[PDB]
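Note sheet for the following structure.
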Protein chains: 4
Amino acid sequence: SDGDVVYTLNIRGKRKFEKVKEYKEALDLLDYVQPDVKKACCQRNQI
Amino acid sequence: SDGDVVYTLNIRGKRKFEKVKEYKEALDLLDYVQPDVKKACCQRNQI
Amino acid sequence: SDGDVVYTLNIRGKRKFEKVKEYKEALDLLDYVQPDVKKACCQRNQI
Amino acid sequence: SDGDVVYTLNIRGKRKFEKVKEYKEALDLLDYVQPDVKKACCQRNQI
């Protein structure tokens, strides 16, 4: 249910942000695509 | 391109691992689903 | 030198943010405490 | 009490790993240095 609560994360440091933002993008995509793509992803490039 | 180079990450601590593990899944997914779903994701649940 | 550049990351979704926010805190901490604590941390709970 | 349980995370992909490993490093540090350093970090480079 908690997927639209805009939680701002002011990350001081560009390089630092690049890491975190990569995680937020990844989390947003995790919460985006079908659960089955995750299974197929598991056997695509995951371990 | 480095997406199939098995890099083991021994994460001591269950709760800790749970955080990283989802990140690795999220990253695996970032490199999995079509770039267009990421665009649509941007307008689905991203900011 | 990019460690003090405020890069806002609006993370929609509480649970999502909780993960990334802990990552930004963790990164901010990586970029804070003494380098020797990292060595000791490496052998404290890191692998 | 879950900070010393070795949970291996085989991250396929170097670039991917660099991100997650940075998270695990950061998480390990979060559970390492004193909670007061986090407070001071908060007002050192955190937002």
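Here, A, B, ... name the chains of the structure tokens in the order displayed, residue numbers run from 1 inside each chain, and ligands are numbered from 1 in the same displayed order.
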
Using only C-alpha atoms, find each residue in chain A having at least one atom no more than 7 Å away from chain C; report its shortest atom-to-atom pair and that distance in Å (one decimal), rows by chain then rising number, as a Markdown table.
```
| residue | atom | partner | partner_atom | distance |
| --- | --- | --- | --- | --- |
| A:2 | CA | C:13 | CA | 4.7 |
| A:3 | CA | C:13 | CA | 3.3 |
| A:4 | CA | C:13 | CA | 4.5 |
| A:5 | CA | C:13 | CA | 4.4 |
| A:6 | CA | C:12 | CA | 4.1 |
| A:7 | CA | C:11 | CA | 4.9 |
| A:8 | CA | C:10 | CA | 4.0 |
| A:9 | CA | C:9 | CA | 4.7 |
| A:10 | CA | C:8 | CA | 3.9 |
| A:11 | CA | C:7 | CA | 4.8 |
| A:12 | CA | C:6 | CA | 4.1 |
| A:13 | CA | C:3 | CA | 3.4 |
| A:14 | CA | C:2 | CA | 5.1 |
| A:15 | CA | C:2 | CA | 6.1 |
| A:16 | CA | C:27 | CA | 6.3 |
| A:17 | CA | C:7 | CA | 6.2 |
| A:20 | CA | C:24 | CA | 5.9 |
| A:21 | CA | C:9 | CA | 6.6 |
| A:23 | CA | C:20 | CA | 6.2 |
| A:24 | CA | C:20 | CA | 6.0 |
| A:27 | CA | C:16 | CA | 6.3 |
```

- Quick one: pick out all alpha helix (DSSP H) residues within chain D from a backbone DSSP run and write them as a PyMOL selection string. chain D and resi 14-30+35-42

- Among the residues of chain B, find those DSSP assigns to strand (DSSP E or B) from the backbone and print them as JSON, numbers by chain. {"B": [6, 7, 8, 9, 10, 11, 12]}

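Separating CA of residue 29 in chain C from CA of residue 34 in chain D is a distance of 10.5 Å.
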
- For CA of residue 43 in chain B and CA of residue 46 in chain A, the interatomic separation in Å (one decimal):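 A separation of 26.3 Å between them.
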
- Message: What's the separation between CA of residue 39 in chain C and CA of residue 42 in chain D, in Å to one decimal place?
- Response: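 Answer for the CA of residue 39 in chain C to CA of residue 42 in chain D separation: 22.0 Å.
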